[PDB]
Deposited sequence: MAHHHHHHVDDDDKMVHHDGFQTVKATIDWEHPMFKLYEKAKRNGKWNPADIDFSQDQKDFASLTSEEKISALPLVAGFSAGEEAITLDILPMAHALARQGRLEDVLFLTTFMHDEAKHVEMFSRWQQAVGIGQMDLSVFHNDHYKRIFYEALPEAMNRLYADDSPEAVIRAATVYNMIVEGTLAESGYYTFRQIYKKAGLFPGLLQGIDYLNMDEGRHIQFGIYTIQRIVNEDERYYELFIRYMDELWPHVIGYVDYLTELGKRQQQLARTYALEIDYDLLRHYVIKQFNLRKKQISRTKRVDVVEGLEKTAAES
């Protein structure tokens, strides 16, 4: 039951950081994936050699699955914060969710346009990928229906924001750029990736805000945060090694260092105080 309503008893906290992030999201979040011209992307893909055609697909499969996952899986988080009365958080998360829907849509549209929509790209998810996306992610998010303790929220934000978006996805945008914009290939996908990377700058900020406000109440949670990151590293780098083994069949030595860099950078964005 609702006890009352903040915009009836009072107003929105206009000075809340997440309400300000909400405002930014409405201003900077107007792109529509339906407007992306994929026609050159189709030609590029067709002109590729089958050996080149596959080289693209592992990454797209990682992302298509990853965006769809978070679209389905943020909803428990939004619900738990709604139940705690954090209205400005909820306002922000509606932009988060619609961003992610556009992300799902964009990769799906590219798949469709280059002609691989009928292809099942699950074959490029290895065990380590499945551990993160098929298992740990939904596990940590769905927990929050029955357990919204600080430890549960921090574990979900760490998994979704610091590992999935902040290590794997950040590293993936960089990989796409380091490979295809140099080549002059796939300009519509790279356009989408650029819009998406803008969106994701906001998403990481909600995650930092969330993890940090909890850490602030008890620095015991800081060590929780680090432990959770390290728990998932073996699957992060297991996936990366799987993908680097594939491409060698571009210095994957560099992209495997960018992943390592991102992971440590994300750890540093949270302070013990």
property: Non-modelled portions of the deposited polymer sequence, in sequence order; result: 1-16, 266-276, 301-316
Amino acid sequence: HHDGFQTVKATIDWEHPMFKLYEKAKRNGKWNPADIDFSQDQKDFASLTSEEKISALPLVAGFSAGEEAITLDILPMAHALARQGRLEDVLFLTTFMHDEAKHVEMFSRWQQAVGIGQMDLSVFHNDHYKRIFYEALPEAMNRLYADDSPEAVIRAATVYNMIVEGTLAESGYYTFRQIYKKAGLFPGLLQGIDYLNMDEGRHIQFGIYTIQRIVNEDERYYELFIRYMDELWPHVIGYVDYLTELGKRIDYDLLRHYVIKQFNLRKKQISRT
From here on, numbers count along this sequence of modelled residues.
| item | value |
| --- | --- |
| Mean temperature factor over C-alpha atoms, higher-scoring stretch between 145-153 and 181-189 | 181-189 |
| Of 32-40 and 49-57, the one with larger mean CA B-factor | 49-57 |
| Highest recorded Cα temperature factor - choice among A10, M18, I250, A25 | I250 |
| Peak C-alpha temperature factor (PDB record), options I226, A69, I211, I204 | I226 |
| Assigned third (lowest, middle, highest) for the C-alpha B factor of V123 | highest |
| Third of the chain's Cα B-factor distribution that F96 belongs to, per the entry | lowest |
| Entry-reported Cα temperature factor of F107, expressed as the chain third it lands in | lowest |
| Third of chain Cα B-factors occupied by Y160 | lowest |
